[PDB]
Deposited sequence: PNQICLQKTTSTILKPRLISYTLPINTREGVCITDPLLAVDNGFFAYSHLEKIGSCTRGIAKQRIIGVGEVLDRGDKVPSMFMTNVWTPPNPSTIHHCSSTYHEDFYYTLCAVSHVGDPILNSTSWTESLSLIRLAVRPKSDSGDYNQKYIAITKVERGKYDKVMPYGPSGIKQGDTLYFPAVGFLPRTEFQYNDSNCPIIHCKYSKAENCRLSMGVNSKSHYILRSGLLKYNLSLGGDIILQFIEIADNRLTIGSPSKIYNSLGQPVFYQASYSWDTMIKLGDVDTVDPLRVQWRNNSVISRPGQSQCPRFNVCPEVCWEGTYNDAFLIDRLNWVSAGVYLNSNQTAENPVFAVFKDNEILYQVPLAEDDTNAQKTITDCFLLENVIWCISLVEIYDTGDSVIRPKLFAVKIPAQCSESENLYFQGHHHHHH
């Protein structure tokens, strides 16, 4: 665990394209969307949605959930080699999948909906959850070992009407799985004190802005609160799903999140989907109840719109932003690696960066200044004894399929 700890404008990062080993075929009017990436213990999980036509309004063609091994492909660069792919029969009904690795399998928790994205149709969505277990090293003659699908029926939600997985990847603790999740709570039941919304140095802010922006709109029936979905494998019997709400310290609207293992401890990231646009990440103080020691990070934010653009800090009623997580690679110096979008109000210009709380040590663009890019997911790991990070980046091809790309970036030990 040696990395360069000195800032430099030199380009010491050499990103490698590693999408060659994944089944992301390119065609005329095929769009690949809703991606997922997880990397754990030399294995990985991946998913996307193949659409025909519009990337946002198009018809669903195929959803894939696949796992496999991350291996040195032959030139000391890691790459993802799929071993086990599952395909659901109705690809338009599967939403918000989240993968967690545990003892030889990847557990992907998905939402089932026939009304579209539950976030954008909260009241019409009838809560329906399921789980698909994929073995990272398949066996012949094994029955349900390679693939197992289970519908979830025992759900403990607490005070929330509905719960749902909400993020790319989760973490295991012993034999209990934890998934990034969100609880739908009606506004009427939401306990929040206006005096707590920090407008002190915000001349144009109003006390009500925090409470209003906990839903996708001010008059939304529900507010969204992020949290965890808990599944204890040692219990057995009929599976029980348990929602754990996140603590109210630095509370923002429920947004896609990630809880992950780094150097032996759980770390959390939450997408900034409203007015608090500085990156939200940090070590988990307690898993249950869920409390995060958010970093006071002053250098990384996310693109928004005109009401809460990049670097906005003062409370407004806005539902804007992108998911751009970061991965802690050094807890002693609290250094992280991730891709951010270098644009104030549009999703473009992706830049892979290694940074502390108040300083970007080094970084490198992943495309041209103008290239469109939305979601990015970064997971880091050891390959032999070398530190690598793998970054999934949604990228738009001006010429052509608009699809995710995969980059491997080696983190230098020296400067």
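- Coordinate coverage of the deposited sequence is interrupted at 1, 402, 418 to 433, where no C-alpha atom was modelled.
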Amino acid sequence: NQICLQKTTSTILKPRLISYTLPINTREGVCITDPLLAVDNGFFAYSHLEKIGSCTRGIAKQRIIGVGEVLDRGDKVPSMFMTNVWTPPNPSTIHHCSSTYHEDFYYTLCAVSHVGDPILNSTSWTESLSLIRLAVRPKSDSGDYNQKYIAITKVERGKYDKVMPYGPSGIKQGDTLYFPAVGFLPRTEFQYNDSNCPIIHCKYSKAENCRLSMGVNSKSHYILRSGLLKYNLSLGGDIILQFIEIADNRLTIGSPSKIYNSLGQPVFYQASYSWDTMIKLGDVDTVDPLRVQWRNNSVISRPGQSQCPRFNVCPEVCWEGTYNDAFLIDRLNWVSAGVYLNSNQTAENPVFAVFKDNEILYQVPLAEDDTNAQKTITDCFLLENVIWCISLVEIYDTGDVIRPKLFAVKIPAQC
From here on, numbers count along this sequence of modelled residues.
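- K356, present in the displayed chain, carries coordinates in each of the other PDB entries compared that cover both sides of it, far from a third leaving it out.
- Coordinates for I402 are present in every one of the other compared entries of this protein that model residues on both sides of it, well short of the third needed to count it as often missing.
- For the segment pair 320 to 328 and 197 to 205, the entry gives 197 to 205 the higher mean B-factor, averaged over Cα atoms.
- Here 185 to 193 and 161 to 169 are compared by their mean Cα B-factor, and 185 to 193 comes out higher.
- Of the residues listed, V313, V155, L134, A111, the entry assigns the biggest Cα temperature factor to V155.
- Considering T371, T346, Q363, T376 together, the PDB entry gives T371 the largest C-alpha B factor.
- Among the modelled residues of its chain, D104 has a C-alpha B-factor that falls in the lowest third, as given in the PDB entry.
- Compared with the other modelled residues of the chain, the Cα B-factor recorded for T398 ranks in the highest third.
- Annotation for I390: CA B-factor lies in the lowest third of the chain's modelled residues.
- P180: CA B factor lies in the middle third for its chain, per the PDB record.
- Sort the modelled residues of the chain by CA B factor and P78 lands in the middle third.
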